[PDB]
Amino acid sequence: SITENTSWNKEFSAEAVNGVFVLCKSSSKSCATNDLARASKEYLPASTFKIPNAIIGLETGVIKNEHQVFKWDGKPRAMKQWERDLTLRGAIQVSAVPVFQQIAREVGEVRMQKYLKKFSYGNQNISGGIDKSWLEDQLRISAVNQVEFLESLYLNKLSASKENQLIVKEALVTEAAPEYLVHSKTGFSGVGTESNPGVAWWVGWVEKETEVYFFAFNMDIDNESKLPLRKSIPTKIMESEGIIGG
């Protein structure tokens, strides 16, 4: 069940942002959103795609184990933060596109296609994903589908070993307090054009005391200065629902 809360639009209008937030307590069967239509609309996943990419890398043995170090060969990378050796967690946390492109190359299109179908991941399209593409038809996923996928991961219910799901889960931890734990992942497809904007994401789940909340946020973005809104708008809505971190 999903309830539209139009009162949640105030956080978007205050920042002059077009976007959607989906928040669910306990399971994907109890959810609220500011916009029902946009909650089901599919968008480029951008770096949020590193979550299934990492599970598939481990399932296929392309990622040898939890402790594999992805060595920097010294060749130029698009972001300075990627020009270094990275663990699987580090590569996910800094959104290291080149590490995941090499994993996707080794997995191959046949196995990547097979696993996106097994995971019910978005439109399950073979194109884009970890690669930059201007194809009209490429991988896209809705905020509702992100919550469903993340709930499956949280419950170790994806078509993958529980061990591999647990490895990716610890790699996604972004805040740890005794009774407050956040797993999350950002994405940003690029500012696009003023008429054809890019998308920014923040997806994850929060374990507060004995409760769990799943969330997925996306927004249209045509100016990179607006990128921090992908965390501040959802953080404000979650604080209004009593989900408050340190």
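For every residue, the number given is its place in the sequence shown, counted from 1.
Judged by mean Cα B factor in the deposited record, 106-114 ranks above the other of 106-114 and 154-162. Remark: stretch with higher mean C-alpha B factor among 28-36 and 182-190 is 28-36. Reading the B-factor column for the CA atoms of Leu86, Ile167, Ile130, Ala176 in the entry, the top value corresponds to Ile130.
Taking the PDB entry at face value, the top CA B factor among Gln81, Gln146, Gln93, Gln101 belongs to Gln81. Looking at the C-alpha B-factors along this chain, the one for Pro52 belongs to the lowest third.
The entry lists a Cα temperature factor for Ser142 that places it in the lowest third of the chain's modelled residues.
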